[PDB]
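J.: before the rest arrives, take these chains from my complex:
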Amino acid sequence: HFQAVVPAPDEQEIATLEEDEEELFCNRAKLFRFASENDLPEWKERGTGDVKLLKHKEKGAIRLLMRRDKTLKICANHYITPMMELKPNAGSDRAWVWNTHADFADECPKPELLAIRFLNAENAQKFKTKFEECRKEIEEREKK
């Protein structure tokens, strides 16, 4: 039908807040979240889209910033810490499992058990290599 009315606002300025940060990586992936609150264990989906490894310009903090396709809503947003180590899943060469203590996808910190999956083993290996490089860099920074 039609309801074109006054609440139509201006154009403003669109800022994704991904500025001041260098994109070290970008790949298409699928995310899963481990449902540990509904008594029995279960794995829930979380999104599908482009996962990036953004490095801050001067603070040198690497973060994971996956977004959803066609809606552009964040389904993962957390830093990377030295303890975070990617583990292989149960008999899968293209999936990794890890754990975080403060995920900000819903703008409220929640501990999460995440599992990311890629299209093939090459992309998974590239992501794991870059993740290890970022973790080692963070560890070296915090050591000094």
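T.: Received, thanks. Numbering: from 1, shown residues only, chains lettered A, B, ... in the order given.
J.: what is the neighbour count of the closest residue to residue A:89 other than its chain neighbours?
T.: Among residues not flanking residue A:89 along the chain, residue A:95 sits closest, at 4.2 Å (Cβ to Cβ, 6 or more residues apart in numbering). C-betas here are computed from N, CA, C, even on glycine. Per other Cβ atoms under 10 Å, the neighbour tally for residue A:95 reads 19.
J.: name the strands paired with the helix or strand harbouring residue A:95 and say parallel or antiparallel.
T.: Assigned by DSSP states H and E, residue A:95 falls within strand A:92-103. Applying DSSP bridges to the sheet, strand A:92-103 is found paired with strand A:87-89 (antiparallel), strand A:110-117 (antiparallel).
J.: just those: most buried one?
T.: strand A:110-117 (a mean of 17; mean count of other Cβ atoms under 10 Å).
J.: just how off-centre is the next helix or strand after that strand within its chain?
T.: For strand A:110-117, the succeeding helix or strand toward the C-terminus, using DSSP H and E, is helix A:121-143. Centroid separation between helix A:121-143 and its chain, computed with Cα atoms, centre = their mean, to the nearest Å, is 14 Å.
J.: between helix A:121-143 and strand A:92-103, how big is the angle?
T.: 40 degrees (axes from the mean of the first three to the mean of the last three Cα atoms, to 10 degrees).
J.: same for helix A:121-143, what does it pack against?
T.: The elements that helix A:121-143 packs onto, with contact taken as 3 or more Cβ pairs under 8 Å, 6 or more residues apart in numbering; DSSP states H and E, are strand A:21-35, strand A:42-56, strand A:62-64, strand A:92-103.
J.: need the winner for burial among those strands.
T.: Note that of the helices and strands packed on helix A:121-143, strand A:62-64 is the most buried (mean count of other Cβ under 10 Å), with a mean of 21.
J.: next SSE downstream of that strand?
T.: strand A:78-79.
J.: and that next one, what other elements does it pack with?
T.: Short answer (3+ Cβ pairs under 8 Å, 6+ apart): strand A:78-79 packs on strand A:62-64, strand A:92-103.
J.: the following sequence is to be added as chain B:
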Amino acid sequence: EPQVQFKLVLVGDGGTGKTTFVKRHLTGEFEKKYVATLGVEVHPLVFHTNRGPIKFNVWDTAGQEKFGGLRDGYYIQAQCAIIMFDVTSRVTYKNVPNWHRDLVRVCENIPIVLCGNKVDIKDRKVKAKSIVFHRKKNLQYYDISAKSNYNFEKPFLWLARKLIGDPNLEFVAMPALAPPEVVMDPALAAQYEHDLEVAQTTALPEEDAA
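T.: Take a look at chain B, now in place beside the chains above:
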């Protein structure tokens, strides 16, 4: 500016697929369990466009006769509507005129989107050539499926274009705030280690479209 709110009423028959569409849009997940809703559930959704944020208050109602609660008492001061029907059952489509009639008798001149869910099931019973209600009533029709995320954002985009008025409107990327840095007690760390072990033991569900 309360980030421009609107009231959306989601109506349809029993199976259809409401509360799965809304749940997929809320957290992102597919519910395989059918638990009929009692009365209504109100869920807020937010989208970002080139004009700013737009907020819907989805009133997911109950399509069961015995669980209706306040049947039409929910469609009051509503500003947009979605009528959902399942394409694998013709009865869900035969009742679209009745839902439209109940909507129009309480609300005047509001945007209404007709959605046909469960497209991915195959062996579809409501062929695309038999869907003519939108032609008769000048409605916007979409083929969606909450399982495959096919066209699953189109109804909200169309309603957003119609409600403020901008036939060229797009979903811009949601701003990404800086996540906080906190620490946890070592006992909770060991508990998380055990949970990580039991999770890594578990096997991910088998899907596609990565």
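J.: chain B added, so what about the neighbour count of residue A:95 now?
T.: For residue A:95, the neighbour count with other Cβ atoms under 10 Å in any protein chain shown is 21.
J.: I figured it hits residue B:204, correct?
T.: Yes. Residue A:95 lies in contact with residue B:204 (Cβ atoms under 8 Å); the separation is 6.0 Å.
J.: which residues are common contacts for the two?
T.: By Cβ atoms under 8 Å, 6 or more residues apart in numbering or on different chains, residue A:95 and residue B:204 have these common neighbours: A:89, A:115, A:117.
J.: is the second one in contact with residue A:92, as I believe?
T.: The one in question is residue A:115. No. Using Cβ under 8 Å, residue A:115 is not in contact with residue A:92, being 9.4 Å away.
J.: can I assume residue B:119 is in contact with residue B:144?
T.: Yes. Contact criterion Cβ under 8 Å: residue B:119 and residue B:144 qualify, at 6.9 Å.
J.: the more surrounded of these two?
T.: Taking neighbours as other Cβ under 10 Å, residue B:119 and residue B:144 compare with residue B:144 leading, 25 against 21.
J.: if I look at the more buried one, how far off is chain A?
T.: 12 Å (Cβ to the nearest Cβ, to the nearest Å).
J.: next, residue B:121: phi, psi?
T.: phi -70, psi -30 (degrees, to the nearest 10).
J.: please apply the same query to residue B:92.
T.: Torsion angles, degrees, to the nearest 10, at residue B:92: phi -60, psi -30.
J.: that one: what's it in contact with?
T.: With Cβ under 8 Å, 6+ apart, residue B:92 has these contacts: B:12, B:13, B:14, B:15, B:16, B:85, B:86.
J.: mind putting these into JSON lines with secondary structure, distance to chain A and neighbour count?
T.: Formatted as JSON lines, the contacts of residue B:92 follow (DSSP: H, G, I helix; E, B strand; the rest coil; distance: Cβ to the nearest Cβ, whole Å; neighbours: other Cβ atoms under 10 Å in any protein chain shown):
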{"residue": "B:12", "secondary structure": "strand", "distance to chain A": "19", "neighbour count": "25"}
{"residue": "B:13", "secondary structure": "coil", "distance to chain A": "23", "neighbour count": "22"}
{"residue": "B:14", "secondary structure": "coil", "distance to chain A": "24", "neighbour count": "17"}
{"residue": "B:15", "secondary structure": "coil", "distance to chain A": "21", "neighbour count": "18"}
{"residue": "B:16", "secondary structure": "coil", "distance to chain A": "21", "neighbour count": "23"}
{"residue": "B:85", "secondary structure": "strand", "distance to chain A": "19", "neighbour count": "28"}
{"residue": "B:86", "secondary structure": "strand", "distance to chain A": "22", "neighbour count": "23"}
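J.: tack on chain C:
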Amino acid sequence: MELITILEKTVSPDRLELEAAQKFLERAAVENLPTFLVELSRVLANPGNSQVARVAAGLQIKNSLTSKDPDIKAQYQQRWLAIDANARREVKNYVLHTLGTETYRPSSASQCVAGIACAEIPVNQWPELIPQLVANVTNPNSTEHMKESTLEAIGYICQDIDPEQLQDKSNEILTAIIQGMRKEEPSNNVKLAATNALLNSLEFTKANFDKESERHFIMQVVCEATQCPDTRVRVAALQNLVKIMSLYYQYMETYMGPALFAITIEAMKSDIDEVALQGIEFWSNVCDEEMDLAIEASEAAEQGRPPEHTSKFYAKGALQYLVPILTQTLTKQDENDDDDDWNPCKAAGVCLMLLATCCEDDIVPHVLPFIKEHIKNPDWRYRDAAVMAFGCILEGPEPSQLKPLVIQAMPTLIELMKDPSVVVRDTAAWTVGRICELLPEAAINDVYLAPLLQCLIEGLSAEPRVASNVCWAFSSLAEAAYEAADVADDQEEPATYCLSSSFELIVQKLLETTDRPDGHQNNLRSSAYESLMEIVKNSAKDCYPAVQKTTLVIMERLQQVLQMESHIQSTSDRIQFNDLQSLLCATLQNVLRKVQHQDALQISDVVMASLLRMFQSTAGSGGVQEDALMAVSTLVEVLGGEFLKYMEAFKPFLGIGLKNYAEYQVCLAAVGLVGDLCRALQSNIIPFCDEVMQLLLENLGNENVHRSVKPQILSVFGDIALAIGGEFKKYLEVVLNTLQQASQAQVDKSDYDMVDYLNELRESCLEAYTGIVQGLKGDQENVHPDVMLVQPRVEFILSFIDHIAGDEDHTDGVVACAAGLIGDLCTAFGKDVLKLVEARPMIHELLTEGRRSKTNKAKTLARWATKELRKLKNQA
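T.: Once chain C is put in with the chains from before, the structure reads:
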């Protein structure tokens, strides 16, 4: 009381407040209905209350009186009619005096009026209602809201009530509606309400439309409201015209010429989108009605009677003026527009396709000049419209009339495939796909085949939307080339065909298309696989090396491809026509069953290795394993060229795959797999026969799990006993057959939806008995101890199938085969078969119903049993 606060809490988004209000209202309704209704009506009628409270009260009253369930509605009506007369009178008086006092456009008191009227009018309990509404409408001093509310109430009453209740007062209703709908009304809101009320009450006025003096007035008022300077009234009147055409097609011949034609044509040219949409919908609906009438006339001609209704062919007479307007509206586009948006441009294409399918060859000359003129226009909109119209007119006209046109226009389409506009390229790809699908004999020969193939191969690297249609075109083109007369030879396979020169490049490019970083969009990747399976299925005996290489590289992906088997759902690539369903389904089965040529056991090795690797990577359980299991059956099937001697890989994994008993469909499919696999080689099933027997017996004896598994498991028991058996004696079948015949057939041997299981189980049991006897007969003399010759079998069978004597349910066909096999085995077994003759004669009855289906499958086996009995008597 504070009923007002409870009503005003029904719009709160909070869950607790909504639940509290609902509970309060339900409790109040249960405690005392009459006082509750009186209080609600008192709340509604007070102008001092807010809009929320008044609408909520009206909705409560309405919901107390009607429901979507017919039975609950009848119960509510009877409940209302049983209330005390004084309370009902107070409620009706309070409700009827609210009309005209609500200052908001959709009224709530009208719904209450309609709900009460639909209950009281059939028993004449409210005889002063209709005169009051008519007086309200026709009074010159009635305000705007009074007329609007009364018109809404009249429309609701005529829409909801039974059509045969107000037949004696329909004329006053029509007069009031027309009075509100006339031209001199000061307010457009009243005109809109009157038009909507007439729209609601078009089925109710069926008796009035049979009188000319009333039909003329209705049509005049509608055709005069179509000219209102208000858009909403115009759209409502056009909707009225569409519905009138739907309902009263037979009476429109008088008004089609002088009145309707000009109005609809001028509507289709309007700048306003709603008006243009309704104008186009008018003629789309006309096409629908005339297609229905054509179907009816064809059915009547086949039957041999004159049609009950005869069409008048309005679209065939309006084509000359319809086509240019549609083709002009096809140019109303934009650079950044959505394909599925339902604007006039979208509707014009649907209408044009409808006109093509409805008029056949009469639309080609009316659309050719536009195509031939604007196919090279400097403005991309007109080129896009030209190719779109060319694609739309492709379905319905004779192919022989379209072949010269497509042959002439092929070079321009190939050129437009590289158009500098995205929209033009997309539409051109769609049109080329439609040409390849609908017109096979056109785009395979001869002078433009090579540039067409080159442009298709180049476009396989285009945007996914274009590439999906390119894959569709490739699949349809290969199908056409294999089907065409270009395929020579009588060896059931062509030596060569038109695509032999470019076969390798085509399959290589498709394989490269599969590995694209964006293959998820428009299910492009999926489409590629489908195309990659058609071309290898439709090939010639000079590109076999490419076929084998492609099959080898495909079968390594079997796990992913099976995971994508259900992930097609059409809706892209292969549009319209869809056969055999699903990505793999039988398509993978058929390509795997056809690709087998020149032994090529490497394909079998790869597929079985992939299957076992997937099974091992499952690591227990696995719902998707079903898709694998049937595939294994499809690779045994009738594939004895290289698959009657499997015996190498799935033998140790048979029980492991069968181990998943939690699933039921998987269980029955695995039972069928065992049934078709036992009769393959009968060598390595011996080690697993006892294991599967005991395991499935344990599963069936407790889970129950009886309707589905039991017939199939007993049938495969017989099937395995056909060749392998002897150490299981006969107790296993005896106990189950005794239980089933004593319990499942002697209780409720009746009905229609239950006899199927019974007769199928009986047939399976008789087949299993014959198989057991034949396998234990040793096939030479007896080769068995023969202790179970007639004592446990002949005695039991006469008391086992005797339950059919109770009702003699229609078991057509295979029961004759069962009788024949029973007779043959009993005759060839021993001497005590005579006791079966001493039993009940229901077998004769079992023959009679069996003889219902002619004499091919009925009398042949009965005659075989009879002649076996005669031979036994001669031996006797």
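J.: the contacts of residue B:92 with chain C there, same question as before?
T.: B:12, B:13, B:14, B:15, B:16, B:85, B:86.
J.: which residue is the nearest non-sequential neighbour of the third one?
T.: Across the structure, with Cβ to Cβ, 6 or more residues apart in numbering or on different chains as the measure, the residue nearest residue B:14 apart from its sequence neighbours is residue B:63 (4.8 Å).
J.: so that neighbour lies in a helix, does it not?
T.: No. Residue B:63 is assigned coil when assessed by DSSP: H, G, I helix; E, B strand; the rest coil, not a helix.
J.: does it touch residue B:10 like I think?
T.: No. The pair residue B:63 / residue B:10 is not scored as a contact, 9.6 Å apart, by Cβ under 8 Å.
J.: neighbour count winner among those two?
T.: More neighbours surround residue B:10 than the other of residue B:63 and residue B:10, with 25 against 22 (other Cβ under 10 Å).
J.: now the helix or strand hosting the more buried one - C-alpha only, PDB.
T.: Applying DSSP H and E as the criterion places residue B:10 in strand B:5-12. Output of strand B:5-12 as PDB, limited to C-alpha atoms (Å, rounded to 0.1, in the frame of the first residue of the first chain):
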ATOM      1  CA  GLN B   5       9.300   2.800  15.700                       C
ATOM      2  CA  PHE B   6       6.500   0.900  13.900                       C
ATOM      3  CA  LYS B   7       4.000  -1.800  14.900                       C
ATOM      4  CA  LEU B   8       4.000  -4.900  12.700                       C
ATOM      5  CA  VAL B   9       1.400  -7.600  13.100                       C
ATOM      6  CA  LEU B  10       2.300 -11.100  11.800                       C
ATOM      7  CA  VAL B  11      -0.800 -13.200  11.100                       C
ATOM      8  CA  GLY B  12      -1.400 -16.600   9.500                       C
END
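J.: which of the residues in that strand are buried?
T.: B:6, B:7, B:8, B:9, B:10, B:11, B:12 (16 or more other Cβ atoms under 10 Å in any protein chain shown).
J.: what packs against it?
T.: Packing partners of strand B:5-12 (3 or more Cβ pairs under 8 Å, 6 or more residues apart in numbering or on different chains; DSSP states H and E): strand B:52-61, strand B:80-86, helix B:96-104.
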